[PDB]
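File shown: upload24.pdb. Contents: PDB, C-alpha atoms and all ligand atoms.
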```
ATOM      1  CA  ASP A   1      -3.874   8.365  -1.426  1.00  0.00           C
ATOM      2  CA  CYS A   2      -6.194   8.734   1.648  1.00  0.00           C
ATOM      3  CA  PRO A   3      -6.382   5.165   3.126  1.00  0.00           C
ATOM      4  CA  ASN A   4      -7.697   5.350   6.715  1.00  0.00           C
ATOM      5  CA  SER A   5     -10.762   7.360   5.624  1.00  0.00           C
ATOM      6  CA  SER A   6     -11.263   5.113   2.443  1.00  0.00           C
ATOM      7  CA  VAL A   7     -14.693   3.668   3.438  1.00  0.00           C
ATOM      8  CA  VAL A   8     -16.165   7.228   3.161  1.00  0.00           C
ATOM      9  CA  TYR A   9     -14.379   8.007  -0.078  1.00  0.00           C
ATOM     10  CA  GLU A  10     -15.797   4.707  -1.481  1.00  0.00           C
ATOM     11  CA  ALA A  11     -19.346   5.815  -0.393  1.00  0.00           C
ATOM     12  CA  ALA A  12     -18.921   9.395  -1.670  1.00  0.00           C
ATOM     13  CA  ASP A  13     -17.687   7.953  -5.041  1.00  0.00           C
ATOM     14  CA  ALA A  14     -20.742   5.585  -5.203  1.00  0.00           C
ATOM     15  CA  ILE A  15     -23.140   8.567  -4.624  1.00  0.00           C
ATOM     16  CA  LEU A  16     -21.540  10.488  -7.555  1.00  0.00           C
ATOM     17  CA  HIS A  17     -21.573   7.437  -9.827  1.00  0.00           C
ATOM     18  CA  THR A  18     -25.287   6.905  -8.974  1.00  0.00           C
ATOM     19  CA  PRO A  19     -26.970   8.351 -12.129  1.00  0.00           C
ATOM     20  CA  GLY A  20     -30.418   8.109 -10.494  1.00  0.00           C
ATOM     21  CA  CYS A  21     -31.587   9.205  -7.046  1.00  0.00           C
ATOM     22  CA  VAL A  22     -30.092   7.838  -3.801  1.00  0.00           C
ATOM     23  CA  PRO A  23     -33.095   6.571  -1.786  1.00  0.00           C
ATOM     24  CA  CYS A  24     -33.325   8.379   1.592  1.00  0.00           C
ATOM     25  CA  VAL A  25     -35.796   8.572   4.470  1.00  0.00           C
ATOM     26  CA  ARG A  26     -35.547  11.367   7.049  1.00  0.00           C
ATOM     27  CA  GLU A  27     -34.985  10.490  10.735  1.00  0.00           C
ATOM     28  CA  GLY A  28     -35.535  13.985  12.229  1.00  0.00           C
ATOM     29  CA  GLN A  29     -32.410  15.947  11.198  1.00  0.00           C
ATOM     30  CA  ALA A  30     -30.387  13.068   9.716  1.00  0.00           C
ATOM     31  CA  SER A  31     -31.630  11.066   6.730  1.00  0.00           C
ATOM     32  CA  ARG A  32     -30.954   7.307   6.271  1.00  0.00           C
ATOM     33  CA  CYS A  33     -29.870   6.196   2.801  1.00  0.00           C
ATOM     34  CA  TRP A  34     -29.046   3.131   0.789  1.00  0.00           C
ATOM     35  CA  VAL A  35     -26.309   3.578  -1.813  1.00  0.00           C
ATOM     36  CA  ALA A  36     -25.922   0.768  -4.314  1.00  0.00           C
ATOM     37  CA  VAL A  37     -22.365  -0.147  -5.389  1.00  0.00           C
ATOM     38  CA  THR A  38     -22.013  -1.295  -9.113  1.00  0.00           C
ATOM     39  CA  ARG A  39     -25.178  -7.435  -5.691  1.00  0.00           C
ATOM     40  CA  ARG A  40     -24.211  -5.254  -2.672  1.00  0.00           C
ATOM     41  CA  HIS A  41     -25.037  -1.831  -1.136  1.00  0.00           C
ATOM     42  CA  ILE A  42     -23.792   0.753   1.396  1.00  0.00           C
ATOM     43  CA  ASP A  43     -25.903   1.887   4.377  1.00  0.00           C
ATOM     44  CA  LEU A  44     -25.399   5.494   5.388  1.00  0.00           C
ATOM     45  CA  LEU A  45     -26.830   7.890   7.936  1.00  0.00           C
ATOM     46  CA  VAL A  46     -26.135  11.551   7.075  1.00  0.00           C
ATOM     47  CA  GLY A  47     -26.990  14.602   9.113  1.00  0.00           C
ATOM     48  CA  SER A  48     -26.182  18.269   9.609  1.00  0.00           C
ATOM     49  CA  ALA A  49     -24.821  19.820  12.820  1.00  0.00           C
ATOM     50  CA  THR A  50     -24.096  23.386  14.028  1.00  0.00           C
ATOM     51  CA  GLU A  51     -21.850  24.762  16.900  1.00  0.00           C
TER
ATOM     52  CA  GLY B   1     -41.476  23.132  -5.833  1.00  0.00           C
ATOM     53  CA  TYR B   2     -39.921  26.669  -6.238  1.00  0.00           C
ATOM     54  CA  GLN B   3     -39.132  29.226  -8.979  1.00  0.00           C
ATOM     55  CA  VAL B   4     -35.824  30.753 -10.213  1.00  0.00           C
ATOM     56  CA  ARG B   5     -35.239  34.070 -12.038  1.00  0.00           C
ATOM     57  CA  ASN B   6     -31.593  33.826 -13.231  1.00  0.00           C
ATOM     58  CA  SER B   7     -29.921  35.599 -16.318  1.00  0.00           C
ATOM     59  CA  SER B   8     -31.236  33.071 -18.965  1.00  0.00           C
ATOM     60  CA  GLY B   9     -34.945  33.463 -18.061  1.00  0.00           C
ATOM     61  CA  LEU B  10     -37.667  32.367 -15.619  1.00  0.00           C
ATOM     62  CA  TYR B  11     -37.627  28.724 -14.445  1.00  0.00           C
ATOM     63  CA  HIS B  12     -39.491  26.308 -12.090  1.00  0.00           C
ATOM     64  CA  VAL B  13     -37.360  23.759 -10.246  1.00  0.00           C
ATOM     65  CA  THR B  14     -38.428  20.584  -8.385  1.00  0.00           C
ATOM     66  CA  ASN B  15     -35.962  18.468  -6.303  1.00  0.00           C
ATOM     67  CA  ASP B  16     -36.379  14.801  -7.400  1.00  0.00           C
ATOM     68  CA  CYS B  17     -34.748  13.712  -4.072  1.00  0.00           C
ATOM     69  CA  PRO B  18     -35.694  16.213  -1.266  1.00  0.00           C
ATOM     70  CA  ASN B  19     -34.550  13.864   1.520  1.00  0.00           C
ATOM     71  CA  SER B  20     -31.330  12.960  -0.349  1.00  0.00           C
ATOM     72  CA  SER B  21     -30.021  16.560  -0.636  1.00  0.00           C
ATOM     73  CA  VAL B  22     -27.617  16.267   2.426  1.00  0.00           C
ATOM     74  CA  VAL B  23     -26.129  13.063   0.839  1.00  0.00           C
ATOM     75  CA  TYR B  24     -25.253  14.866  -2.416  1.00  0.00           C
ATOM     76  CA  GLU B  25     -24.004  17.847  -0.353  1.00  0.00           C
ATOM     77  CA  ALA B  26     -21.810  15.510   1.774  1.00  0.00           C
ATOM     78  CA  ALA B  27     -20.537  13.476  -1.251  1.00  0.00           C
ATOM     79  CA  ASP B  28     -19.399  16.751  -2.899  1.00  0.00           C
ATOM     80  CA  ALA B  29     -17.885  18.059   0.401  1.00  0.00           C
ATOM     81  CA  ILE B  30     -15.829  14.821   0.828  1.00  0.00           C
ATOM     82  CA  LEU B  31     -14.224  15.315  -2.632  1.00  0.00           C
ATOM     83  CA  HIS B  32     -13.596  19.029  -2.041  1.00  0.00           C
ATOM     84  CA  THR B  33     -11.977  18.169   1.337  1.00  0.00           C
ATOM     85  CA  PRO B  34      -8.254  18.686   0.501  1.00  0.00           C
ATOM     86  CA  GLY B  35      -7.136  16.773   3.618  1.00  0.00           C
ATOM     87  CA  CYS B  36      -8.613  13.452   4.758  1.00  0.00           C
ATOM     88  CA  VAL B  37     -12.074  13.188   6.334  1.00  0.00           C
ATOM     89  CA  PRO B  38     -11.620  12.198   9.991  1.00  0.00           C
ATOM     90  CA  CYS B  39     -13.252   8.758  10.551  1.00  0.00           C
ATOM     91  CA  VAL B  40     -13.532   6.430  13.557  1.00  0.00           C
ATOM     92  CA  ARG B  41     -14.998   2.958  13.740  1.00  0.00           C
ATOM     93  CA  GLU B  42     -18.221   3.424  15.763  1.00  0.00           C
ATOM     94  CA  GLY B  43     -19.608  -0.120  16.095  1.00  0.00           C
ATOM     95  CA  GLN B  44     -19.960  -2.003  12.792  1.00  0.00           C
ATOM     96  CA  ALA B  45     -19.986   1.374  11.015  1.00  0.00           C
ATOM     97  CA  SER B  46     -17.665   4.366  10.401  1.00  0.00           C
ATOM     98  CA  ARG B  47     -18.434   7.706  12.083  1.00  0.00           C
ATOM     99  CA  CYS B  48     -17.014  10.642  10.051  1.00  0.00           C
ATOM    100  CA  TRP B  49     -16.950  14.440  10.288  1.00  0.00           C
ATOM    101  CA  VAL B  50     -17.165  16.427   7.021  1.00  0.00           C
ATOM    102  CA  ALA B  51     -16.484  20.172   7.062  1.00  0.00           C
ATOM    103  CA  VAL B  52     -18.758  22.167   4.768  1.00  0.00           C
ATOM    104  CA  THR B  53     -17.660  25.227   2.716  1.00  0.00           C
ATOM    105  CA  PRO B  54     -18.614  28.505   4.588  1.00  0.00           C
ATOM    106  CA  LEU B  55     -21.592  29.862  13.535  1.00  0.00           C
ATOM    107  CA  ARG B  56     -19.599  26.955  11.961  1.00  0.00           C
ATOM    108  CA  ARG B  57     -21.524  23.942  10.569  1.00  0.00           C
ATOM    109  CA  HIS B  58     -20.314  20.463   9.499  1.00  0.00           C
ATOM    110  CA  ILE B  59     -21.879  17.160   8.285  1.00  0.00           C
ATOM    111  CA  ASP B  60     -21.943  14.093  10.521  1.00  0.00           C
ATOM    112  CA  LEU B  61     -22.214  10.713   8.804  1.00  0.00           C
ATOM    113  CA  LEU B  62     -22.083   6.973   9.494  1.00  0.00           C
ATOM    114  CA  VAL B  63     -21.150   4.562   6.687  1.00  0.00           C
ATOM    115  CA  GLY B  64     -21.595   0.770   6.812  1.00  0.00           C
ATOM    116  CA  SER B  65     -21.821  -2.477   4.812  1.00  0.00           C
TER
HETATM  117  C1  LIG C 101     -38.761  11.584   2.839  1.00  0.00           C
HETATM  118  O1  LIG C 101     -38.751  11.313   4.243  1.00  0.00           O
HETATM  119  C2  LIG C 101     -40.056  11.171   4.823  1.00  0.00           C
HETATM  120  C3  LIG C 101     -39.856  10.998   6.312  1.00  0.00           C
HETATM  121  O2  LIG C 101     -38.901   9.989   6.604  1.00  0.00           O
HETATM  122  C4  LIG C 101     -40.787  10.004   4.162  1.00  0.00           C
HETATM  123  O3  LIG C 101     -42.112   9.912   4.682  1.00  0.00           O
HETATM  124  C5  LIG C 101     -40.859  10.205   2.650  1.00  0.00           C
HETATM  125  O4  LIG C 101     -41.396   9.036   2.043  1.00  0.00           O
HETATM  126  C6  LIG C 101     -39.474  10.475   2.063  1.00  0.00           C
HETATM  127  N1  LIG C 101     -39.583  10.872   0.665  1.00  0.00           N
HETATM  128  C7  LIG C 101     -38.779  10.419  -0.319  1.00  0.00           C
HETATM  129  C8  LIG C 101     -38.983  11.046  -1.667  1.00  0.00           C
HETATM  130  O5  LIG C 101     -37.935   9.546  -0.130  1.00  0.00           O
HETATM  131  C1  LIG C 102     -31.177  29.450 -14.922  1.00  0.00           C
HETATM  132  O1  LIG C 102     -31.841  29.019 -13.749  1.00  0.00           O
HETATM  133  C2  LIG C 102     -32.040  27.607 -13.940  1.00  0.00           C
HETATM  134  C3  LIG C 102     -32.573  27.019 -12.653  1.00  0.00           C
HETATM  135  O2  LIG C 102     -31.704  27.238 -11.548  1.00  0.00           O
HETATM  136  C4  LIG C 102     -30.758  26.941 -14.450  1.00  0.00           C
HETATM  137  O3  LIG C 102     -31.172  25.805 -15.200  1.00  0.00           O
HETATM  138  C5  LIG C 102     -29.924  27.849 -15.371  1.00  0.00           C
HETATM  139  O4  LIG C 102     -28.679  27.256 -15.715  1.00  0.00           O
HETATM  140  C6  LIG C 102     -29.689  29.224 -14.744  1.00  0.00           C
HETATM  141  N1  LIG C 102     -28.858  30.041 -15.611  1.00  0.00           N
HETATM  142  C7  LIG C 102     -27.953  30.901 -15.146  1.00  0.00           C
HETATM  143  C8  LIG C 102     -27.121  31.594 -16.181  1.00  0.00           C
HETATM  144  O5  LIG C 102     -27.809  31.113 -13.944  1.00  0.00           O
END
```

Structure translated into structure tokens:
Amino acid sequence: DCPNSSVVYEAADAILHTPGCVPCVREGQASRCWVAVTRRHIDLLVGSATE
Amino acid sequence: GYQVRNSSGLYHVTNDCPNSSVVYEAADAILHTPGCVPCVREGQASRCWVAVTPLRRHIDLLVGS
């Protein structure tokens, strides 16, 4: 449905299907997280930005 | 934490994941994005731009294996 941006959609889906808490550690503005996929896991760095 | 005074009473709320809030925010924003989130391979990861629901702010993220 949305194939070239899939990797994100997979991650986003894993965050929602995480019943617990996604473990994150803040790196200034951005926070580094480890999302487990239902072994393997997704590494993600998320941050906010303003123009 | 912090308190809330809504229509159903007086409450006290504590975020069980204070550092994980942007992740949940982004995950929601990706699903509410009607188009497709613009990604680019940036190394061994994927650099994406997520527009947040409304000085215009967005969410930058990198996903990897
Ligand atoms: C939140 O981030 C800070 C700074 O990276 C870290 O010291 C702390 O342990 C983190 N807290 C949680 C609940 O993950
Ligand atoms: C009451 O405030 C609390 C905390 O935000 C929430 O659990 C509850 O659903 C709110 N109720 C309404 C009607 O806003």

Compare A:29, A:18, A:9, A:4 by their minimum atom-to-atom distance to ligand LIG 101 (chain C), counting only C-alpha atoms and all ligand atoms, and give me the closest one.
A:29

Can you check which residues of chain A have any atom within 6 Å of chain B? Use all atoms listed in the file and format it as a ChimeraX atom specification.
/A:5,12,24,42-51

Quick one: write out the picked residues with C-alpha atoms as a compact mmCIF listing (two decimals), in the frame of the given file?
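Below is the file that was written, result.txt:
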```
# COMPACT_ATOMS: atom_id res chain seq x y z
CA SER A 5 -10.76 7.36 5.62
CA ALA A 12 -18.92 9.40 -1.67
CA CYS A 24 -33.33 8.38 1.59
CA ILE A 42 -23.79 0.75 1.40
CA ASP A 43 -25.90 1.89 4.38
CA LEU A 44 -25.40 5.49 5.39
CA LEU A 45 -26.83 7.89 7.94
CA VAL A 46 -26.14 11.55 7.08
CA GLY A 47 -26.99 14.60 9.11
CA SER A 48 -26.18 18.27 9.61
CA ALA A 49 -24.82 19.82 12.82
CA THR A 50 -24.10 23.39 14.03
CA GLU A 51 -21.85 24.76 16.90
```

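Atom pair atom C4 of ligand LIG 101 (chain C) / CA of residue 32 (chain B) has a distance of 29.3 Å (rounded to one decimal).
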
Applying the PyMOL selection byres (((not hetatm)) within 6 of (chain C and resi 102)) to the file I just gave you, which residues come out? Please list them as a PyMOL selection string.
chain B and resi 4+6-8+11

For atom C4 of ligand LIG 101 (chain C) and CA of residue 44 (chain B), determine how far apart the two atoms are, in Å to one decimal place.
25.5 Å

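The spacing separating CA of residue 8 (chain A) from CA of residue 31 (chain A) amounts to 16.3 Å.
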
Could you state which residues are captured by the PyMOL selection byres (((chain B and resi 2) around 6) and not hetatm) in this file, as a VMD selection string?
chain B and resid 1 3 12 to 13

If the box runs along x, y and z of the file and leaves 5 Å on each side of ligand LIG 101 (chain C), what are its centre and edge lengths in Å, one decimal, as AutoDock Vina command-line options?
```
--center_x -40.0 --center_y 10.3 --center_z 2.5 --size_x 14.2 --size_y 12.5 --size_z 18.3
```

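The residue that comes closest to ligand LIG 101 (chain C), out of B:54, B:41, B:15, B:34 and on the basis of only C-alpha atoms and all ligand atoms, is B:15.
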
The residue from A:33, A:17, A:40, A:26 with the smallest atom-to-atom distance to ligand LIG 101 (chain C), counting all atoms listed in the file, is A:26
